[PDB]
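FYI, it's all coordinate maths here, none of it is from the lab. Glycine gets a Cβ as well: all are built from the backbone with ideal geometry, and neighbour counts include every protein chain shown.
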Amino acid sequence: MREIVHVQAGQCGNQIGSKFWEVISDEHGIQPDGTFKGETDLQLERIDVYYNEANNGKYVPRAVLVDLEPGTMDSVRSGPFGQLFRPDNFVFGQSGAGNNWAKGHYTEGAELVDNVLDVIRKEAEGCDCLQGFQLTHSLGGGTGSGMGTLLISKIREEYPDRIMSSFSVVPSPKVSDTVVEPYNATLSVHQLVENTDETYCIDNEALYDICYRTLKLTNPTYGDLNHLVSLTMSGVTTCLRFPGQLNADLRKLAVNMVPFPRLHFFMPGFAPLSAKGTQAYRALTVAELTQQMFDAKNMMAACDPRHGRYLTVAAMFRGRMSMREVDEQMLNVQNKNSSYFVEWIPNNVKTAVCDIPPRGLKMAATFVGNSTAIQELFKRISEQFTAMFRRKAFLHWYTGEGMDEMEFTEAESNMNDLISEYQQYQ
Amino acid sequence: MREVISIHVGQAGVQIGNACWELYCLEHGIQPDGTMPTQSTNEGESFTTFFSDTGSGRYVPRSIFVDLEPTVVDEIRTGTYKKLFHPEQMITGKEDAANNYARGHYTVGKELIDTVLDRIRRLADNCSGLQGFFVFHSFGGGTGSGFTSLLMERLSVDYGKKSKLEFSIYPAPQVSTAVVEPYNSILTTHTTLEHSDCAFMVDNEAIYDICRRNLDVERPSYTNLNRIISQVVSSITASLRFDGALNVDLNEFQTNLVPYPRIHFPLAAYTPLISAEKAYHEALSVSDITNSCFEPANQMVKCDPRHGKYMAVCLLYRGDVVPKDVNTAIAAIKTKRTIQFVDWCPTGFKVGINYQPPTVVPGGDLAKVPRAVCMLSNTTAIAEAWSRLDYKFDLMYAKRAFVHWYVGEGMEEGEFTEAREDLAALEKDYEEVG
Ligand SMILES: Nc1nc2c(ncn2[C@@H]2O[C@H](COP(=O)(O)OP(=O)(O)OP(=O)(O)O)[C@@H](O)[C@H]2O)c(=O)[nH]1
Ligand SMILES: Nc1nc2c(ncn2[C@@H]2O[C@H](COP(=O)(O)OP(=O)(O)O)[C@@H](O)[C@H]2O)c(=O)[nH]1
C-alpha cells in the first residue's frame, strides 16, 4: 500500500544497510530464504511495506544496490543474508569514482544512472500509491556523494509529490577522513538544499565516543558502528510497521519538524545505551530514559547541544509505557531548560508512542532533534572548503573533468546563506 | 422508532468508539459476536436507537468508521469486535494526511467523501425518528479537522433540522503533542460554528488529576482514558435507552443549553469518580456528590471555573435518587455564593433523574456506585481557555513558520487571516453577554 524503496550508493551506504536489513529481517521473523517464521502475525500484518512477496513466500527486500565497481557487490553477496536480495537489482559499472564528484556526477555516473532509473520505475509501477524514498550514501567519498547526488535530481521528475530520506555521514571537526572531503561536502549540499526533505548528519567521530563510554568497547568493528545506525532507522518507521495508541508516519515526522524549506538538518538520538554489566544497576523508568536523551553523550554528531536551541523535539518511544509519565516529564524539561529551546515556538515536544519495543530491550526511546548548534557543522566546513579554493589546489581533477569555477562560488554563497537562516531565529 | 447514527472520524474516533460500543454491549446484554442471548430481552427495553435487527436478533451498530489510514481500523478487524460491525460500513483510506488541513480537507477526503455519504443515506432511510449524530473527532487531526469541517458542511445541506452532537478533546496549553494543533484548532473553529449544534471538550490532564488522586492509577494510558469518557457518553444515552420519570432527548439538550447560536460550547464533569476501595469507608449521598460537582478538582477541562461565570448548568442523575434532597441540594448550592450566575439568568437549571444506576466495565478500575452525576456547565471559563490558545496561534503565524506545507495542497493563506477576526469577536461575546 504505502510503499518505500531503499537505495544504496557508494561504499558507505552499501554496508550500512547490510547490517540494517538484518534487524528488519529479525524484527519481522523472516529468514535469508525469506521464509516467514514469526510466531505472532503482528510481524506479518505490515510485512508488505519493504517487501514484494512472489512465488511461495520468498520475500525480496525492495532494495537497489548500485556501485561503480564490482568490489562491494560480492562482499554483500557472499556475506550474511546474501541469498535474500533479488539478482535483478545488481546493477553496477566498471569505473570507481576515485573520490571525484564530476566523475560521479558528469563523467561516469551519467552512464549508470539510466539503468537503475528504470529499476526505480519498475518496482514503482507494481504498486498502487508510493509513499517516499529512503537513501543511504556518503558525503565524504566520491561514489555516493557524486552519483547519489544526481539521483535526487531525477526523482522529482518522476515523483514531485512524496518525501525523500537522504541519510548520509558527514565530516567531523577533529580528523578529516579524505583529502577532498570539504570539496565533497559543499558541492553535495548545493544539491541537497534544492530537492531533499531530510538529512541526518551523523559524525563518524562521536560514534566512538558513544561506544567508548556507554558500550566501553575497545575494538570497534564496522559492523557494530552501523549497528547503532541500524537501530536508529528502525525506530523511525515503527508506526508504519506496528500498531499502537498513536501512529505517526514519515510525513507526520516531516510536517511537525521542518519550519522552512531549507532547515531540515536533524541529528538523531537513541536511549538506552550502556555496556553489559550495567544492566541491573540502573533503572528502567521514564525519568532515567528521559535525561539520557538530552545529554551531550547521546548526541550522535559531535556538536554541542548547549551551544544551540531545540526547535522541534521528536520523541519516538517504543514499548509498553505509561502515557502520563511521558506527559509529565516532557513538560518538566521545558520548566528546566527553557533557554535550551527556541522561545517563540511554544510546546516544542512532539510525542509518538508505539507500544512495541525493539528486540533486546523492554523500553526504548528513539530521538530526533533540531539543535541550532548544527549551524557550526556548516561553519567548520565552509572554512575548509575555502581553505583550498584560495590556492586553487586540486582544480585539475575537476576542471580536467569539466567543472566550472562558478559552480564552487554559487555553492559557496548558498552555503553561507544557510548558516544565516539558523542565525535568523536563534 | 427513534434511531440515532454515530460517525467516527479520526483515530480519536476509532478507539473512543471502541469503548462506547463496547460499553453498550454490557448495558444491554449483547454478546460481541453479533447476536444476543435470550436472557437479555427484558433488559433489552427500547434498544432500537442504535441496533438494526437482522434475521435472528443480530444487531449491527448504526455506526460509520471513517479513517484515512488502514492501520488502526485493522485493530477492529482483528479483535473480538470484528464480527459485530458491518463491513461496508467500514470505509478505509490508504494515504495519510499527517495532521494537515488541506491534506484532510481536499486531498484524500474528496476521493472518499462520496462513498461515505451514500452509506449515511443507505442507513438513514430506514429511520422514521432520526434524532441526531454522534460525530467524534479531534482538533488537530488532518481528517480530525479538515474532513470534519467538510463533513458537517454537507450533512446540513442534506438533513438540516435534525440535531448533531460533537465530542472532542480540548488541546492542553502545556502538554500536547502536535505543533500544528494551535493552527488546526483555529481552522476547525472557523466553519464549524455554522455547521455544528454543540461540541464538547475534555482535557488530557484534567482526566489525569482524578486518575492519580481518586482512581489511584499511576500508570494510565489511552486504554483507561477511553473508559472514563465513555461513561459520560453513556450517561447522556441513559435518558434515551431506558424509561425514566423525567428524562430528556437530544433536541431538548440544545434547547436548554444554547443561549445564543454562537456560544454553544459547554463541557462535562462526572462524580463520584474514585477507586474501588475508597467507596467502602464512605456513604455517598445526594448532597455529597452534588457539592462535589462544583469544585475545580472535578471539571473535565483544566481551567478556572471560579473565574468563569455559569450561564446554564445541566444535571443528569442516574440511580435511585429521590427528588426531595435534589430540590434541596441545588437550593443548597444557591445558599452558597461562589457559584456565580449572570444577572439575567437565574433559571438555567435542568432536572433529569433516571432509574438505572451506572454499571461499571468488567476488569476496570471503577466501583459499582448507585449515584452518579453527569454535570454540563456552560460558562465564561471557555473564554479564558480561548485566550490561552489564541496566544499560541498568532506568534507562530507572525514568523510564518510551517506555512510551506499548507501552500501546495490546495489552500489559501488569507483564510488564516479571516479566522483571526472570526475568533477575536467570539471570546469577546463571553464578556459582551456576561
Ligand atoms: N486521548 C486520545 N487522543 C487521541 C487519540 N487519537 C487521536 N487523538 C488526538 O488526535 C489529535 C490529532 O489528530 P489525529 O487522530 O492524530 O489525526 P486524525 O484525526 O486521524 O487526522 P489525520 O491527520 O488525517 O490522520 C492528537 O492531538 C490526539 O490528542 C486517542 O486514541 N486517544
Ligand atoms: N561508519 C562507517 N563509515 C564508513 C564505512 N565505510 C566508509 N565509511 C565512511 O565513508 C566515507 C568514505 O566514502 P566512500 O563511500 O567509502 O568513498 P567512495 O566509495 O569513493 O564514495 C568515509 O568518511 C568513511 O568514514 C563503514 O563501514 N562504517
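Residues that are within 13 Å of ligand 1 (Cβ to nearest atom), assigned to a helix (DSSP H, G or I) and in contact (Cβ under 8 Å) with a residue 24 or more places away in the chain do not occur anywhere in segment B:161-172. Would you mind stating whether B:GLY10 is free of Cβ contacts under 8 Å to residues at least 40 places away in the same chain and away from ligand 2 (no atom under 16 Å from the Cβ)? The answer is no for B:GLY10. Just one of the listed residues (B:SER145, B:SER156) is under 18 Å from the mean Cα position of the chain (by Cα) and farther than 20 Å from B:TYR59 by Cα, and it is B:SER145.
Quick grid of which residues meet (1) in contact with a helix residue (DSSP H, G or I) (Cβ under 9 Å, 6 or more places away or on another chain); (2) of a type in the set (A, V, I, L, M); (3) surrounded by 14 or more Cβ atoms within 10 Å (Cβ to Cβ):
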| position | (1), (2), (3) |
| --- | --- |
| B:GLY348 | yes, no, yes |
| B:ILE353 | yes, yes, yes |
| B:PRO357 | no, no, yes |
| B:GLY363 | no, no, no |
| B:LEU366 | yes, yes, yes |
| B:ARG371 | yes, no, yes |
| B:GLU384 | yes, no, yes |
| B:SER387 | yes, no, no |
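Give the residue that is nearest to ligand 1 (Cβ to nearest atom), with candidates limited to residues of segment B:94-121 that are in contact (Cβ under 8 Å) with a residue 60 or more places away in the chain and in a helix (DSSP H, G or I).
Only one residue tops the list, namely B:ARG103.
Note on segment B:83-132: residues that are closer than 23 Å to A:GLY244 by Cβ and within 14 Å of another protein chain (Cβ to nearest Cβ) amount to 12. Within segment A:92-115, being within 30 Å of A:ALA54 (Cα to Cα) and either in contact (Cβ under 8 Å) with a residue 60 or more places away in the chain or within 16 Å of ligand 2 (Cβ to nearest atom) (or both) holds for A:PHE92, A:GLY93, A:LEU112, A:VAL113. If you go through segment B:181-227 and pick out every residue that is among the aromatic types (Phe, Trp, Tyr), facing chain A (nearest Cβ under 10 Å) and outside any helix (DSSP H, G or I), you end up with 1. The number of residues in segment B:1-11 that are within 10 Å of ligand 1 (Cβ to nearest atom) and either within 14 Å of chain A (Cβ to nearest Cβ) or surrounded by fewer than 18 Cβ atoms within 10 Å (Cβ to Cβ) (or both) comes to 2.
Conditions (1) within 16 Å of ligand 2 (Cβ to nearest atom); (2) more than 19 Å from A:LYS103 (Cβ to Cβ); (3) surrounded by fewer than 18 Cβ atoms within 10 Å (Cβ to Cβ); (4) more than 14 Å from chain B (Cβ to nearest Cβ), marked per residue:
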residue	(1), (2), (3), (4)
A:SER153	no, no, yes, yes
A:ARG156	no, yes, yes, no
A:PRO160	no, yes, yes, no
A:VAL170	yes, yes, no, yes
A:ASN184	yes, no, no, yes
A:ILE210	yes, yes, no, yes
A:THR218	no, yes, yes, yes
A:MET233	yes, yes, no, yes
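Residues considered: A:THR136, A:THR149. Of these, the only one that is of a type in the set (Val, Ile, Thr) and within 17 Å of A:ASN226 (Cβ to Cβ) is A:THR136. Taken over segment A:285-339, the criterion of being basic (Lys, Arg) and either under 20 Å from A:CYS211 (Cβ atoms) or crowded, with 17+ Cβ neighbours inside 10 Å (or both) is satisfied by A:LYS297, A:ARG309, A:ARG318, A:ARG324. Kindly list the number of the only condition in (1) buried (at least 17 other Cβ atoms within 10 Å of the Cβ); (2) within 20 Å of B:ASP288 (Cβ to Cβ) that fails for B:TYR310. The one condition B:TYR310 does not meet is (2). Does A:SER338 qualify as being free of Cβ contacts under 8 Å to residues at least 40 places away in the same chain, among the small types (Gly, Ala, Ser) and within 14 Å of chain B (Cβ to nearest Cβ)? Yes, satisfied. Could you please let me know if A:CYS211 is touching a residue at least 24 places away in the same chain (Cβ under 8 Å) and either touching a helix residue (DSSP H, G or I) at 6+ places or on another chain (Cβ under 9 Å) or aliphatic (A, V, I, L, M) (or both)? Against the criterion (touching a residue at least 24 places away in the same chain (Cβ under 8 Å) and either touching a helix residue (DSSP H, G or I) at 6+ places or on another chain (Cβ under 9 Å) or aliphatic (A, V, I, L, M) (or both)), A:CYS211 does not qualify.
Is it the case, given these coordinates, that A:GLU3 is within 14 Å of chain B (Cβ to nearest Cβ), touching a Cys at 6+ places or on another chain (Cβ under 7 Å) and either within 16 Å of ligand 1 (Cβ to nearest atom) or farther than 24 Å from A:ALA185 by Cα (or both)? Answer is yes for this residue.
Taking segment A:22-78 as the range and being in contact with a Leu (Cβ under 9 Å, 6 or more places away or on another chain) and either polar (S, T, N, Q) or within 14 Å of another protein chain (Cβ to nearest Cβ) (or both) as the test, the residues that pass are A:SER25, A:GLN31, A:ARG46, A:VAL49, A:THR72. If the condition is being surrounded by fewer than 19 Cβ atoms within 10 Å (Cβ to Cβ) and aromatic (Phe, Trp, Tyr), then segment B:56-80 contributes no residue at all.
Within segment B:12-39, the set of residues being within 16 Å of ligand 1 (Cβ to nearest atom) and among the aromatic types (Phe, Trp, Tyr) comprises B:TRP21 only. As for segment A:127-149, it holds at least one residue that is surrounded by fewer than 19 Cβ atoms within 10 Å (Cβ to Cβ), within 16 Å of ligand 1 (Cβ to nearest atom) and not hydroxyl-bearing (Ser, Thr, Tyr).
Within segment A:293-335, which residues are of a type in the set (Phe, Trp, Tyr) and within 14 Å of chain B (Cβ to nearest Cβ)?
Here is the first cut: in segment A:293-335, the ones of a type in the set (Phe, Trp, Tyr) are A:294, A:310, A:317.
Of everything in segment A:293-335, those that are of a type in the set (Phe, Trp, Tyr) and within 14 Å of chain B (Cβ to nearest Cβ) turn out to be A:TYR310, A:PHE317.
Taking segment A:235-253 as the range and being more than 9 Å from chain B (Cβ to nearest Cβ), touching a helix residue (DSSP H, G or I) at 6+ places or on another chain (Cβ under 9 Å) and not in a loop (DSSP other than H, G, I, E, B) as the test, the residues that pass are A:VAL236, A:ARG241.
Among the residues of segment A:369-413, those that are of a type outside the set (A, V, I, L, M, F, W, C), in contact with a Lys or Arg (Cβ under 9 Å, 6 or more places away or on another chain) and within 30 Å of A:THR232 (Cα to Cα) comprise A:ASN370, A:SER371, A:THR372. Within segment A:312-342, the set of residues being in a loop (DSSP other than H, G, I, E, B) and more than 29 Å from A:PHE260 (Cβ to Cβ) comprises A:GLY319, A:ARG320, A:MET321, A:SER322.
Look at segment A:341-352: where a residue is within 7 Å of chain B (Cβ to nearest Cβ) and a partner is basic (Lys, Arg) and in a loop (DSSP other than H, G, I, E, B), sitting 6+ places away or on another chain with Cβ atoms under 7 Å, you get A:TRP344/B:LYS399. Counting only helices (runs of 4 or more DSSP H) that sit wholly inside segment B:237-351, those with at least 1 residues that are farther than 30 Å from B:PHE51 by Cβ and hydroxyl-bearing (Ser, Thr, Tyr) are B:286-292, B:323-335. Against the numbered list (1) of a type in the set (D, E, K, R); (2) within 14 Å of another protein chain (Cβ to nearest Cβ); (3) in contact with a helix residue (DSSP H, G or I) (Cβ under 9 Å, 6 or more places away or on another chain); (4) closer than 30 Å to B:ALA19 by Cβ, B:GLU409 comes up short only at (4).
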